[PDB]
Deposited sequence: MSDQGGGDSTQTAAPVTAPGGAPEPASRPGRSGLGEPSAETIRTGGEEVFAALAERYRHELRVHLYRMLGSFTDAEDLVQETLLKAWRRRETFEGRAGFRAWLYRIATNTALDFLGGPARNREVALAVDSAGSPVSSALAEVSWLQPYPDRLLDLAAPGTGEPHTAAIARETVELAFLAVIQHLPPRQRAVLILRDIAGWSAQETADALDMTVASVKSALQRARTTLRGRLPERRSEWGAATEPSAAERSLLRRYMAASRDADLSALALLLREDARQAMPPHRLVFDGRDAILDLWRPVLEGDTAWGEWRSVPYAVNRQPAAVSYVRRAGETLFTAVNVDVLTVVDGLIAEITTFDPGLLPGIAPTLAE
C-alpha cells in the first residue's frame, strides 16, 4: 500500500496486523519484557492510526511503524522505565521475560535466529543506554542503514556510527562468543532436546549425580525476577540437593518442554504431600554448549503469560 492509508481507513489495522508480530519482537529486544512489548505494540498501532497523515511514503509502512514503535520504546524508557539501565546482567534484569518459540515463529521479518533473541544477549543490551540500544538493534538486527537509523532517531549519521561502535564494544567482551551455527539456530537442536530430556529426568528421579554431569564447572543459574544468582556447579547442586533429597524434599516432580528464545527450556512441576495434581514451579531456560549446561535462567511461571499452572500425571 502506497497512499490507500489515508483515503481508505478501516483497512489499516488489517494492514498493520501484518507487521504486528515483528514489531513486538523488535520492542522486546529494546525492553527485555514480553508484556511491556505487547503493551507498546498496541500503543504503536493506536498512534499509527491516529498519526495517519504523517505517512508520506519514504520507506514504507513497516519502516514507519518501526519508527513509531522505537520512539515509543524510548519514551517509556526515558519516563517510567528510566531506572531500567544495568551498570551477571541476567541476574539483574528483573523485568526480563522469555519469548515462546511458537510466537517467535509468527514474527519472521527466514526465521528469527537464536543470535538475536537469546536471553544472555537481551540481558547485556539492557546494559546499553536506550538510544544506543535502538541504534544497535536497528543497524545490526533489523538491517537499517546508518542514514535510515539517524532519520528515525533524530540523530546525525556520525552519532549513529559512534553509538553503534560503543554498543558493539560493550556487547563484545560482555557476551560470550558463540559459534555461527549455535547463533543461527531457529529452534533447539536434536542434541539440545536430548540434554533437556536428561535435565527433566534429573528432577523426576532426584538424581543429583546425573544433574552434575550436565553442568559445566562454571555454570550459573540466575533468577532475574528474584535478583538471585548461583555461581558455579557446586552452588547449583547445593541449591537443588535439599529440594530433591532427604527430609527437606518438596515432593515428586514432572516437567514439560517449552522452547523460548530459540533455547531448550522446561517448565517444572512439583506435587507435595497430600496434593492431587502437580503445580508449576520454575521455567528453566538452558544455555547448552557441547552437551553441557553453561547457564540456567529461571523464571516464575505465575509471573509469565501462557503457562499451565497445574498438570495431572
property: Non-modelled portions of the deposited polymer sequence, in sequence order; result: 1 to 38, 126 to 136, 159 to 165
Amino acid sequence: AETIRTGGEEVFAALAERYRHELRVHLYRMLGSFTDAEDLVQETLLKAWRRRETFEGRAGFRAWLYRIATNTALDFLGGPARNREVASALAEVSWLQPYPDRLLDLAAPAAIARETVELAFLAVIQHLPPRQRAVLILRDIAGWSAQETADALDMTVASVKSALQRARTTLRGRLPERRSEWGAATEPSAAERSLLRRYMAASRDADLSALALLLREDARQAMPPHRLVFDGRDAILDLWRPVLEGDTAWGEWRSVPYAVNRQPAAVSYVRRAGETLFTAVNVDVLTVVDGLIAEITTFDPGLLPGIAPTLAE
From here on, numbers count along this sequence of modelled residues.
property	result
Per the entry, higher mean C-alpha B factor between 140 to 148 and 161 to 169	161 to 169
Entry-level comparison of average CA B-factors, 176 to 184 and 208 to 216, reporting the higher stretch	176 to 184
Highest-ranked of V289, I296, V25, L15 once sorted by CA temperature factor in the record	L15
Which of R262, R58, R29, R271 ranks first by CA B-factor in the deposited coordinates	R58
Ranked against its chain, the third holding the CA B-factor of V243	middle
Third of the chain, ranked by Cα B-factor, where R197 sits	lowest
Chain-relative CA temperature factor third for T54	highest
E85 CA temperature factor, ranked by third within the chain	highest
CA B-factor ranking of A134, expressed as a third of its chain	lowest
